[PDB]
Number of protein chains: 2
Amino acid sequence: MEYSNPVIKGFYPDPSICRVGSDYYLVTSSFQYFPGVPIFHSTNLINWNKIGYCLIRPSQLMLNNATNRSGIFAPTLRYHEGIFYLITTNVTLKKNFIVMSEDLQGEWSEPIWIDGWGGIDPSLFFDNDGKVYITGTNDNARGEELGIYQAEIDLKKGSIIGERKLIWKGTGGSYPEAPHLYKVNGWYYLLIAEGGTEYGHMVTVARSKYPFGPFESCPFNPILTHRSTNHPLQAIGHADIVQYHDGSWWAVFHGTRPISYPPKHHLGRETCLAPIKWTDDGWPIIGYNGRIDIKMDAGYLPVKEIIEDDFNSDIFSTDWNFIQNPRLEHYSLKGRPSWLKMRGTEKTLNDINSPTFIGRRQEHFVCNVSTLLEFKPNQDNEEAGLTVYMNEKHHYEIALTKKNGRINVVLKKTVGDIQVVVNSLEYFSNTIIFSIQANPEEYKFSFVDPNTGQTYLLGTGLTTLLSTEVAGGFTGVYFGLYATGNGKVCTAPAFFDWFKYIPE
Amino acid sequence: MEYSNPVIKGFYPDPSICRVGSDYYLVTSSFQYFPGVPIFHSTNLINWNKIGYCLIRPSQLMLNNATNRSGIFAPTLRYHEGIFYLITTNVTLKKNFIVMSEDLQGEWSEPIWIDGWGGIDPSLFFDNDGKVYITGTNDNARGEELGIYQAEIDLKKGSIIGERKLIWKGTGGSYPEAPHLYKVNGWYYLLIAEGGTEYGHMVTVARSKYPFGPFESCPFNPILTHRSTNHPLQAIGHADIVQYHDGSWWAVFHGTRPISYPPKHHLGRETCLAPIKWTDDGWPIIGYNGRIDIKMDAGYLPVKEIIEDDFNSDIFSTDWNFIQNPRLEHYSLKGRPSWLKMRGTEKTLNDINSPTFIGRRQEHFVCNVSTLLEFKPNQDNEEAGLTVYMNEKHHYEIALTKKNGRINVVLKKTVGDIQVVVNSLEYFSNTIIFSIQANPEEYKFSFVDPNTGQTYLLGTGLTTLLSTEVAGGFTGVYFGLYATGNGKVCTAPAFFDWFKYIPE
Ligand SMILES: [Ca+2]
Ligand SMILES: [Ca+2]
């Protein structure tokens, strides 16, 4: 049997995995998007169902001033004695914290803020002697030597016990990070990422008889990397290991699927899966001697996408994210039942601080995305539509707007410091269907007059100008519904009847 | 004593070096630019003076349809018994050839086309038994196994003797290339690049008692790389070795100086220098155990930039390049003595096939570039100015033009599929000074009214949208003087009095 990588497509980076019996749970980083820290469930490591998010309340997730360069970085999920612990960093606040749950269908706890624990990529390990260890990166604010730091932690108090200790510098790659401590067959293993989460990314491992070291570098490090290859999967690393309930070992990690030359990726970092074999002399090797592929053998894992939202429920589906904490009063599923009613503010897609926007990840290179919008702009500033969005300086939109008394459908782009209206056609009714056809190299923007079914191609845009390499930050493209008054509050409400995401 | 890398700043990739006595010569790749294959001279490996170009005649350099993805790829320069051999690939033609010279102040020979020798990165080695070997990459047209291929060559005939043989696959990095064969202390060494000329770039070496192998991989390969580091120098490789006349060994190679995040570079790949030490057991190691720095120790090398062209000579300076083979009739240094007179054609900066353009490399992150232009456009299509140019889809320009009867100074950008006029101001005289201030993140476009000395900032543009990562291809930014009639021949001549390049 085979499976395909990525196992979780689209923007799902920094996967951390946790087994409870014959169930598996996985979390990913979310940066400036709300809610934060998606959590998935699987019984076979290949097929994952999103069960919700870990950070859903303002008290857990403070994203004011957060961007696709900041907000929530790598999360780690662990389970001990019936309690789940999610530990992560809000980089906008420069603070590490934990939330807890004993019931994954309910919400997680208020955060426990870990004072005097800096850096990113915090992780937890529960030892057999009752001690709990927190492990993370160097803290740049304190001018620490680059490497992996660890201390004992008191989980109730949110406090460190004893001293914060450098335990391993890694093999000499940049940005030694993503540390996880495990104990397997009498050895402590410290698994990390080096080289940065770009084309240099790799996984390395060390081991020790003691949890604080000294750690011996694996002699065949790195144990996973596509650096210096032209494989379709790149930037592979940030791994977390699991022993499946049949006894076999596996790693989850992320990688990208870049296109063009030089390589550029727009679907974010995507979660992948590979087997682990343990060498006779006690070291893990991931995949096919440190490499992986799009098609992989499933071992004995038991092997087993069109999304249409009609907005019929008064609860938002788990596909939807907002930019930072949303202004809840500007989105309503009750004002017009069976529609989403949005109130645009002065903020636009060029502003970081929560414009009126709701979006879902692009998870496929080839897909068709559409929405029906009712919008009668009252004044020239007023605008609502459908966006392909990377960050505040990299986004394309097709929208209804008003200029000099006339209603126009427009195609608008922001790329870096360039803001352009690419095309504009007069439009003569109150409802419109917007559709975007994505392929690897371009998005094609069309509108349909609902009353006739006639489609019109308004224009096109390059995927590569929305790529992470171009745009900056740590995220993937979203498709979003938005409204704005372009420096004033938007007096016309925007009503979206439905949203469709149809992958090829 | 110290020196700084890069030793040759700006777009100077794929350096090949050749010693003749106490003189050193070095060549670089030039892609679609004319003339082709710059050649430099040094006596100390650190300071290089450009002495001209190797490919200066249409018979040597056929660049019709060439782009910054094609044209002339890596050159190799060798010397035997008073004759210099320059061997390279015109990738637009998919052909390898050699030109020869016995006098570097004169022009090189007509090409000898090497029939049935495919791939890129051809190199020559003259053995002590009188045999000459050609070495290069796999030929994708023939579905060859990836690796380094070699044969004996008859240099007079331009023909291969005997069989084309795969001699080494490399260590397992992508794109094994840049092969050079040497013979040192009884071993044949095969030095190559792997990983691609981007963030995976590295140098590896193998050795054999025989020129065709079998080759043993160096046990500490790679011997040079910045992969998986955050060093300011990246993408390092494509090395060629020299023994300096004091007996010490050195490598030249290229690397980039990227900025922003993810890393993006706009100055091209730049030539660097590092020492070699030979291990007791007969392997070379480059630099500081396989890494290098911006400041390096000069060993015993004897250690030792404002450019102003007034156009007073009827010979173009060696700074100037054209896009492909120029239409010579459209550039004149004689029509108005002490000025460059250019005739714009229907072709624009968006067209690959030789628009009227002359340019010089950006060689510094911080510099000020200016020109005085006399231009009285006769019709609305007509345009002349100063460009910052990466390729046909990535360039910014400040220019004089005409629209609806009125003369305007404009700032124009092409980025991918976006073509925009960023700003436009009416202008009321026949001469103008254009100036661009570059810094690492942005170019600032100003014009001066020559008659008053008053400067005006017309606008700005991001360096990152001209970077190779964004734009594609294999080159660095140029600053150019251009004219165009935007689909018609430009009826107004453009006269440039001078050009200044003032680095910080
Ligand atoms: Ca509906
Ligand atoms: Ca002059």
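Structure determination for this entry is recorded as X-ray crystallography, at 1.7000 Å resolution.

S.K.: Describe the coordination of the calcium ion (ligand 1), listing the residues and the values that go with them.
M.R.: Residue and element names in this part refer to chain A. Binding of the calcium ion (ligand 1) to the protein goes through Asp310 (O), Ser338 (O), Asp497 (O) and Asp497 (OD), at separations of 2.2 to 2.4 Å. Of note, the calcium ion (ligand 1) draws all its donor residues from one chain, in the sequence arrangement D-x27-S-x158-D. With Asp310 in the loop between β25 (307-309) and β26 (322-323) and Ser338 in the loop between β27 (331-332) and β28 (340-342), this pair connects stretches of sequence that are 28 residues apart. Assessed through its relative accessible area of 38%, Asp310 is described here as partly exposed. Using a relative accessible area of 30% as the deciding quantity, one classes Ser338 as partly exposed.

S.K.: Give me the lowdown on the sheet that holds strand β2 (residues 16-20) of chain B, citing residues and values where you can.
M.R.: All names here are of chain B. Strand order in this open sheet of four strands is β2-β3-β5-β6, and the pairing throughout is antiparallel. Edge strands, defined here as strands with exactly one partner in the open sheet, are β2 and β6 (49-55). Strand-to-strand twist across the sheet, computed as the mean angle between neighbouring axes with direction ignored, equals 25 degrees.

S.K.: Outline the domain arrangement of chain A, listing residues and values.
M.R.: All names here are of chain A. In terms of domain boundaries, chain A breaks down into domain 1 (1-305) and domain 2 (306-504). Put simply, the middle of domain 1 and the middle of domain 2, counted by C-alpha atoms, are 33 Å apart. Every contact between the two is made by 38 residues of domain 1 and, on the other side, 39 residues of domain 2. When the area that domain 1 buries against domain 2 is broken down by residue, the three leading residues are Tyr33, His266 and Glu305, summing to 24%. Where domain 1 meets domain 2, there are one salt bridge. The partner of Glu392 in a salt bridge is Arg69, with the nearest N and O atoms 2.9 Å apart. Viewed at the interface, domain 2 and domain 1 are joined by 19 residue pairs in polar contact. Counting residues per element, the ones that place at least two in the side of domain 1 that touches domain 2 are β4 (33-34) and β6 (49-55). With three residues, the top contributor of residues to the side of domain 1 that touches domain 2 is β6.

Here is what the cut-offs are and how they apply
Residues numbered from 1 in each chain as written, not as in the entry; some residues may be left out. Chains lettered and ligands numbered in written order. Heavy atoms only, no water. Donors = N, O, S within 2.8 Å, 3.2 Å for Na, K, Ca; no water. Helix = DSSP H or I, 4+ residues; strand = E, 2+ residues; numbered from the N terminus. Buried < 20%, exposed > 50% of the residue type's maximum accessible area, 1.4 Å probe, protein only. Pairing = 2+ DSSP bridges. Axes fitted to C-alpha atoms, helices over the stretch in contact; angles between N-to-C directions. Domains from an automatic or database assignment. Contact = heavy atoms within 4.5 Å. Buried area = accessible area lost by both parts, 1.4 Å probe. Salt bridge = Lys/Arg side-chain N within 4 Å of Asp/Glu carboxyl O. Polar contact = N/O pair within 3.5 Å; in protein donor to acceptor, adjacent residues only side chain to side chain.

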